[PDB]
Structure formats: C-alpha cells, structure tokens
Amino acid sequence: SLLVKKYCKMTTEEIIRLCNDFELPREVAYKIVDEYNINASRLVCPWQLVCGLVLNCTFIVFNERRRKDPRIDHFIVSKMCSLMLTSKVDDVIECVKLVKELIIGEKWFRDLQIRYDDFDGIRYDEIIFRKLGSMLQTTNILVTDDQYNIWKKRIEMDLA
DNA sequence: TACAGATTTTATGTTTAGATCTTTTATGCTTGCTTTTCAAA
C-alpha cells in the first residue's frame, strides 16, 4: 500500500507519471507539482496528498464525461487502487476528502473550477438556484435531454 | 346664563425594566522547569 508508507521519497518525474496516466492538462500537472512542493516538508505520507490532488483534479477536468457516463467515476478510483496497491476503496475517498480541506479556497483551484465550470459537481447556473432555494431548480428524477437523445440514437442503432 | 356631565390638570401610589458602581472571585498571561510522543538516523 503506497498510502501507508511514511516519509517516503519521490521526485517530480513520478508526479508527471501519475498525472500522465490520467491525461490531465499540463498546467494542472505543474500546479499539482507546486502544491506538493509547498507542503513537502510537512507530510507524514506524501502519497496521500498526491492521491487526493490528482483525484480532485481528475474529477474536475472530466466533469462532462462523468455527467454523461457515471461508470468513469466507477473506473478512475477503481484504476487508482491498482496504483496505490490497495484493495479497499475507502482510503482513496478518505484521501480525497482529506485533501479537499487543504485546497478549497486556493486561488488556482477556484480558477480551475471556473474555467471548467464545475463547482462541487454542477455548473454555476444550477448551483445558484439551489443556493437560492428555487422551486424551479432542475432536480434529477428524470433524465436530461442529451442522455435521452444519445439513448434514442443508440436504441435506433440497435433496432436496425 | 344654568347646570349636569365629560375631560383635563395636578398629584400621588404600584410594579417593572434597566443602569451604575462596589466587592469578591475567576481567568488568562508570563516564565521557568519537567514529561512525552513522533520525525529521523
């Protein structure tokens, strides 16, 4: 288990290797590098911080693919347990929640949230009406128009 | 204007809501010594 190993040694090359197996953009990868570098002397297990950083960035960058396909959300963490050498998935989401405290309110995290238009899993135009307590907020008990359209196209493909 | 009746004026008592100051006690800061877990060899 890579999350158990205390005071371990790592370089930026391993960080780029982890960030290139998730196909993140390069600026986000160097911001992950800088975020590890400004905390590197004070982590009991730096792989905990790195795991939370890449998981929180890969939730944000592919928010549209996660919206149109939830199984990607069941893929990515299921892939990353293969890289942290852990069988249970609870420590990975614990890493996500523990790192989430340390980067919320940071300027680059907020700019990433703005430019991908992703604030805790939804766009601004939905979160403003859930914050206002609107009765007309787009609740999710039906399916969206894009999901309905791609499902209708897929079922018309498999009909003939 | 005459006068009964209503309202005001002046005068005081009853009860509650709150302000200020005094006395005693809690509380936090400082400084010097002692124990204890965790980062590193």
# chains A, B, ... in the order shown; residues from 1 in each chain; ligands from 1
$ interface_residues --of "chain A" --to "chain B" --cutoff "12 Å" --atoms "only C-alpha atoms (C1' of nucleotides)" --output "PyMOL selection string"
chain A and resi 6-8+41-45
$ write_last_selection --atoms "N, CA and C atoms" --output "CSV table (one decimal), in the first residue's frame"
chain,number,residue,atom,x,y,z
A,6,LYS,N,5.4,5.8,5.2
A,6,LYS,CA,5.6,7.1,5.8
A,6,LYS,C,7.0,7.7,5.4
A,7,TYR,N,7.0,9.0,5.2
A,7,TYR,CA,8.2,9.8,4.9
A,7,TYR,C,8.9,9.3,3.7
A,8,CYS,N,8.2,8.9,2.7
A,8,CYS,CA,8.8,8.2,1.5
A,8,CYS,C,9.4,9.3,0.6
A,41,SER,N,7.7,19.3,3.1
A,41,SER,CA,8.5,19.0,4.3
A,41,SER,C,7.6,18.6,5.5
A,42,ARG,N,6.2,18.7,5.3
A,42,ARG,CA,5.3,18.6,6.4
A,42,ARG,C,4.2,17.5,6.2
A,43,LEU,N,4.5,16.5,5.3
A,43,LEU,CA,3.5,15.4,5.1
A,43,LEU,C,4.1,14.2,5.8
A,44,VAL,N,3.2,13.5,6.5
A,44,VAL,CA,3.5,12.2,7.1
A,44,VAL,C,3.6,11.1,6.0
A,45,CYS,N,2.7,11.3,5.0
A,45,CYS,CA,2.7,10.4,3.8
A,45,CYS,C,2.3,11.2,2.6
$ residues_around --residues "residue A:64" --least-positions-apart "3" --cutoff "10 Å" --atoms "only C-alpha atoms (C1' of nucleotides)" --output "list in words"
residues 59, 60, 61, 67, 68, 69, 116, 117, 118, 121 and 122 of chain A
$ write_last_selection --atoms "N, CA and C atoms" --output "tab-separated table (two decimals), in the first residue's frame"
chain	number	residue	atom	x	y	z
A	59	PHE	N	-11.53	14.65	-11.13
A	59	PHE	CA	-12.98	14.84	-11.05
A	59	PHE	C	-13.41	16.12	-11.75
A	60	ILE	N	-12.59	17.17	-11.68
A	60	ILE	CA	-12.99	18.47	-12.21
A	60	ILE	C	-12.81	18.53	-13.72
A	61	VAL	N	-11.70	17.99	-14.23
A	61	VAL	CA	-11.34	18.21	-15.63
A	61	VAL	C	-12.28	17.44	-16.56
A	67	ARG	N	-20.58	13.27	-16.19
A	67	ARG	CA	-22.01	13.51	-16.23
A	67	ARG	C	-22.70	12.62	-17.26
A	68	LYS	N	-22.11	12.46	-18.45
A	68	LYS	CA	-22.74	11.60	-19.44
A	68	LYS	C	-22.42	10.13	-19.24
A	69	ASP	N	-21.46	9.79	-18.38
A	69	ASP	CA	-21.11	8.40	-18.09
A	69	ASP	C	-20.68	8.31	-16.63
A	116	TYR	N	-13.34	25.21	-15.95
A	116	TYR	CA	-14.06	24.01	-16.34
A	116	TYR	C	-15.55	24.10	-16.04
A	117	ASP	N	-15.97	25.15	-15.34
A	117	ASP	CA	-17.36	25.42	-14.94
A	117	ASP	C	-17.92	24.22	-14.17
A	118	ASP	N	-17.29	23.97	-13.02
A	118	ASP	CA	-17.57	22.80	-12.19
A	118	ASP	C	-17.41	23.24	-10.75
A	121	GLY	N	-19.50	19.54	-8.54
A	121	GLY	CA	-20.15	18.58	-9.40
A	121	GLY	C	-21.20	19.12	-10.35
A	122	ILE	N	-21.48	20.43	-10.32
A	122	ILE	CA	-22.53	21.01	-11.16
A	122	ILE	C	-22.10	22.40	-11.61
$ residues_around --residues "residue A:137" --least-positions-apart "3" --cutoff "12 Å" --atoms "only C-alpha atoms (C1' of nucleotides)" --output "PyMOL selection string"
chain A and resi 125-134+140-141
$ residues_around --residues "stretch 32-36 of chain A" --least-positions-apart "5" --cutoff "10 Å" --atoms "only C-alpha atoms (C1' of nucleotides)" --output "list in words"
residues 11, 12, 13, 15, 16, 19, 26, 27, 41, 43, 46, 47, 49, 50, 53, 54, 57 and 103 of chain A
$ write_last_selection --atoms "C-alpha atoms" --output "PDB file, in the first residue's frame"
ATOM      1  CA  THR A  11      10.500  13.123  -7.459  1.00  0.00           C
ATOM      2  CA  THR A  12       8.522  15.277  -9.864  1.00  0.00           C
ATOM      3  CA  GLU A  13       9.000  12.555 -12.503  1.00  0.00           C
ATOM      4  CA  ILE A  15       4.205  13.048 -10.252  1.00  0.00           C
ATOM      5  CA  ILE A  16       4.254  13.557 -14.044  1.00  0.00           C
ATOM      6  CA  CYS A  19      -0.622  12.859 -13.965  1.00  0.00           C
ATOM      7  CA  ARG A  26      -0.035  20.045 -18.300  1.00  0.00           C
ATOM      8  CA  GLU A  27      -0.721  23.287 -16.380  1.00  0.00           C
ATOM      9  CA  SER A  41       8.466  19.018   4.320  1.00  0.00           C
ATOM     10  CA  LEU A  43       3.541  15.429   5.104  1.00  0.00           C
ATOM     11  CA  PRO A  46       3.056  12.488   0.672  1.00  0.00           C
ATOM     12  CA  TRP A  47       1.286   9.880  -1.493  1.00  0.00           C
ATOM     13  CA  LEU A  49      -1.682  14.318  -0.644  1.00  0.00           C
ATOM     14  CA  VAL A  50      -0.706  13.372  -4.206  1.00  0.00           C
ATOM     15  CA  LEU A  53      -4.645  16.112  -5.589  1.00  0.00           C
ATOM     16  CA  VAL A  54      -4.818  14.031  -8.784  1.00  0.00           C
ATOM     17  CA  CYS A  57      -8.250  17.417 -10.378  1.00  0.00           C
ATOM     18  CA  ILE A 103      -7.090  23.110  -1.407  1.00  0.00           C
TER      19      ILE A 103
END
$ residues_around --residues "residue A:85" --least-positions-apart "3" --cutoff "9 Å" --atoms "only C-alpha atoms (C1' of nucleotides)" --output "PyMOL selection string"
chain A and resi 1-3+80-82
$ write_last_selection --atoms "N, CA and C atoms" --output "PDB file, in the first residue's frame"
ATOM      1  N   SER A   1       0.825  -1.203   0.000  1.00  0.00           N
ATOM      2  CA  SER A   1       0.000   0.000   0.000  1.00  0.00           C
ATOM      3  C   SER A   1       0.861   1.257   0.000  1.00  0.00           C
ATOM      4  N   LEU A   2       0.725   2.067  -1.053  1.00  0.00           N
ATOM      5  CA  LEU A   2       1.501   3.298  -1.154  1.00  0.00           C
ATOM      6  C   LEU A   2       1.009   4.376  -0.196  1.00  0.00           C
ATOM      7  N   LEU A   3      -0.222   4.257   0.306  1.00  0.00           N
ATOM      8  CA  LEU A   3      -0.772   5.221   1.247  1.00  0.00           C
ATOM      9  C   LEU A   3      -0.302   4.988   2.677  1.00  0.00           C
ATOM     10  N   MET A  80      -7.171   3.625  -9.672  1.00  0.00           N
ATOM     11  CA  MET A  80      -6.123   4.230  -8.862  1.00  0.00           C
ATOM     12  C   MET A  80      -5.783   3.363  -7.648  1.00  0.00           C
ATOM     13  N   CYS A  81      -6.731   2.529  -7.199  1.00  0.00           N
ATOM     14  CA  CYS A  81      -6.408   1.480  -6.230  1.00  0.00           C
ATOM     15  C   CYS A  81      -5.401   0.482  -6.789  1.00  0.00           C
ATOM     16  N   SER A  82      -5.365   0.311  -8.116  1.00  0.00           N
ATOM     17  CA  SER A  82      -4.328  -0.501  -8.737  1.00  0.00           C
ATOM     18  C   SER A  82      -2.959   0.164  -8.682  1.00  0.00           C
TER      19      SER A  82
END
$ select_by_dssp --residues "stretch 20-143 of chain A" --states "helix (DSSP H, G or I)" --output "ChimeraX atom specification"
/A:20,26-37,40-42,46-61,63-68,70-80,90-103,107-115,124-131
